[PDB]
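Position 1 is the first residue of the sequence; numbering continues from there. Below, each value reflects all heavy atoms present in this structure, side chains not excepted, and no hydrogens, waters or symmetry copies.
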Amino acid sequence: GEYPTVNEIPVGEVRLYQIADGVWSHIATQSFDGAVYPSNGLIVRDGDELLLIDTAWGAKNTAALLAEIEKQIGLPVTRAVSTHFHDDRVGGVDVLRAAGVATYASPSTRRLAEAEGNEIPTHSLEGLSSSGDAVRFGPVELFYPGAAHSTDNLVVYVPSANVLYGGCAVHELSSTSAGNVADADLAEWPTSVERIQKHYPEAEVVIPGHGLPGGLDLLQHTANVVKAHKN
Ligand SMILES: C[C@@H](OCc1cnn[nH]1)c1cccc2c(-c3ccc(CS(C)(=O)=O)c(F)c3)c(C(=O)O)[nH]c12
Ligand SMILES: [Zn+2]
Ligand SMILES: [Zn+2]
């Protein structure tokens, strides 16, 4: 019943967590540079189909994700959106594509994934190239807040449930630094978070790219930890 953590997640297994009616997060763990991390994605019911947001960080994790969705939900995943180009978002796209899932990302994400040697979603999401842009995609809205954790990071809102999935632009309340900042814009990140706060003031649940969901406080906390990292 509590939100899953690594201590409950061996690398290779996947857990789902009900967030709201027709909204789950998925949680998996992965090793990277000799340390183990959790990471989140999202599942949104789309009538009798499912929309997936982000892979489960790796090929075997993503296969395990699909099997867990079949066990717990039993509806087919038909589309997936990756919210930036790092392996915790696109690693497993090849598994999805071989399982019949149509994979999508912004052109920016596709270019960055290709340049870095990461797996590449098939379809380009236009209409997201300027900060503040939003488009509909099934039961969600996709929003480009500006550069933050990465230049291409997207945010996802589920209007039926007022669920804000921040992806890696948003950190959990317990965080003590801004995570993996290799590709970040620390100077722009607070402005991008401010755009998220102005756009989605009625968000009830906020989900970070890694760690525990909470409320709107995650947004201000993220700005605070990023500013202190920069300083
Ligand atoms: C898949 C990959 O993405 C980075 C990358 C760079 N180049 N290519 N891939 C990745 C690999 C390994 C670790 C991470 C983390 C991370 C998240 C939170 C904390 C705890 S905290 C907020 O208090 O600091 C952290 F310590 C690290 C992130 C992210 O922050 O989103 N992305 C990671
Ligand atoms: Zn990332
Ligand atoms: Zn991340």
Quick one, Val206 and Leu219 - any side-chain contact, counting heavy atoms below 4.5 Å? yes
Is there side-chain contact between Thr29 and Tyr37, with at least one heavy-atom pair below 4.5 Å? no
Rounded to the nearest 0.5 Å, what's the gap from OG on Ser174 to NE2 on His221? Could you check? 7.0 Å
Do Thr222 and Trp189 come within less than 4.5 Å of each other through their side chains, counting heavy atoms only? yes
Residues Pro139 and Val158: closest non-hydrogen pair is O-CG1, 4.0 Å
Between NZ of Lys227 and NE2 of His229, what distance do you get to the nearest 0.5 Å? 15.0 Å
Assigning hydrophobic clusters by single linkage (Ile, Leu, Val, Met, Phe, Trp, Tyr; side-chain heavy-atom cutoff under 4.5 Å), is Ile43 placed with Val77? yes
Have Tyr165 and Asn40 got a donor and an acceptor in their side chains that come within less than 3.5 Å? no
Hydrophobic cluster identity match, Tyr3 and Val14, side-chain contacts under 4.5 Å: no
Does the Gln30 side chain pair with the main chain of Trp57, one donor and one acceptor, at a distance under 3.5 Å? yes
Show, in sequence, the C-alpha distance, side-chain angles and deciding distance for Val44 and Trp24, and conclude whether the side chain to side chain contact (heavy atoms under 4.5 Å, CB included) test is met. CA-CA 7 Å; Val44 185; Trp24 304 254; over 6 Å; no
Flag side-chain contact, heavy atom, 4.5 Å: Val23 against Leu42: yes
Considering all heavy atoms, the nearest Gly138-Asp46 contact: CA-OD1, 4.5 Å
Strictly distance-based, threshold 3.5 Å: is any side-chain N or O of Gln18 a donor or acceptor partner for the main-chain N or O of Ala20? yes
Where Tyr17 and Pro4 come nearest, the two heavy atoms and their spacing: CD1-CD, 4.1 Å
Hey, mind stepping through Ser175 and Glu172 against side-chain hydrogen bond (donor to acceptor under 3.5 Å, both in side chains) and telling me if it holds? CA-CA 6 Å; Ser175 58; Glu172 78 174 316; over 6 Å; no
Main chain of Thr109, side chain of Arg89: is a donor-acceptor contact present, judged purely on distance under 3.5 Å? no
List the steps, then state whether side chain to side chain contact (heavy atoms under 4.5 Å, CB included) holds for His26 with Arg15. CA-CA 6 Å; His26 65 82; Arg15 289 299 178 259; over 6 Å; no
Is the closest side-chain heavy-atom distance between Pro208 and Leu218 below 4.5 Å? yes
Would you kindly say whether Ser39 and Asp88 are connected by a side-chain donor-acceptor distance under 3.5 Å? no
Got a second to check how far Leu96's CG is from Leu52's CG, nearest 0.5 Å? 6.0 Å
Tell me if a side-chain donor or acceptor on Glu141 pairs with a main-chain N or O of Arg136 at a distance below 3.5 Å. no
Pair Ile69-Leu16, side chain to side chain contact (heavy atoms under 4.5 Å, CB included): steps then yes or no: CA-CA 8 Å; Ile69 291 173; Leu16 312 184; 4.3 Å; yes
Heavy atoms, side chains only, cut-off 4.5 Å: are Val156 and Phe143 in contact? no
With heavy-atom distances below 4.5 Å as the criterion, would you say the side chains of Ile9 and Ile27 are in contact? yes
Grab the two heavy atoms, one from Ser25 and one from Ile19, that are nearest each other, plus how far apart they are. N-CG1, 3.7 Å
In this structure, CD of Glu202 is separated from CG of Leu216 (nearest 0.5 Å) by 9.0 Å
Rounded to the nearest 0.5 Å, the CD atom of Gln197 sits from the CG atom of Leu164 at a distance of 10.0 Å
Hey, are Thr191 and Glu194 close enough side-chain-wise for a donor-acceptor pair under 3.5 Å? no
Do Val226 and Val155 share a hydrophobic cluster, counting only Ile, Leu, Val, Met, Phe, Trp and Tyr and linking them when any side-chain heavy atoms are less than 4.5 Å apart? yes
Apply salt bridge (charged side-chain N to carboxylate O under 4.0 Å, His left out) to the pair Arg45 and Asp21, showing each step before the final yes or no. CA-CA 9 Å; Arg45 197 169 54 231; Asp21 178 44; 3.0 Å; yes
Atom pair CZ (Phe137) and CG (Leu154), whose distance is rounded to the nearest 0.5 Å: 11.5 Å
Donor-acceptor contacts, no H, no angles, side chain residues 120-131, under 3.5 Å, sequence neighbours left out:
unit_1, atom_1, unit_2, atom_2, d
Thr122, OG1, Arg97, NH1, 2.9
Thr122, OG1, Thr103, OG1, 3.4
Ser131, OG, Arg195, NE, 3.4

Could you check whether any side-chain N or O of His149 sits under 3.5 Å from a backbone N or O of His84, counting only pairs where one atom can act as donor and the other as acceptor? no
May I ask you to decide if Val93's main-chain N or O and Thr55's side chain share a donor-acceptor pair within less than 3.5 Å? no
Face-on cation placement of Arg110 at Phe85 ring, 6.0 Å and 45° thresholds: no
Full working for side chain to side chain contact (heavy atoms under 4.5 Å, CB included) between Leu212 and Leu173: CA-CA 8 Å; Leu212 310 176; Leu173 291 179; over 6 Å; no
Does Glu119 reach the main-chain N or O of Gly92 with its side chain, forming a donor-acceptor pair under 3.5 Å? yes
Using every non-hydrogen atom in the two residues, find where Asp54 and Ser82 come nearest and quote the distance to one decimal. OD1-CA, 3.3 Å
Could you see if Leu66 belongs to whatever hydrophobic cluster contains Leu75? Use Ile, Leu, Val, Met, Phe, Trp, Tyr and a side-chain cutoff under 4.5 Å. yes
Any side-chain heavy-atom pair from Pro76 and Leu50 closer than 4.5 angstrom? no
Hey, is CD on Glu49 packed in by over 12 heavy atoms from elsewhere, all under 6.0 Å? yes
Minimal heavy-atom distance between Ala63 and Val95, with the atoms involved, is N-CG1, 3.9 Å
Has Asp183 got a side-chain atom pairing as donor or acceptor with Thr151's backbone, closer than 3.5 angstrom? no
Verify the cluster assignment for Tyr200 and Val170: are they in a single hydrophobic cluster under the rule of side-chain heavy atoms below 4.5 Å apart? yes
When you measure from the side chain of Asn61 to the backbone N and O of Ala56, does any donor-acceptor pair fall under 3.5 Å? yes
Is the backbone of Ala147 close enough, under 3.5 Å, to the side chain of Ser192 for a donor and an acceptor to pair up by distance? yes
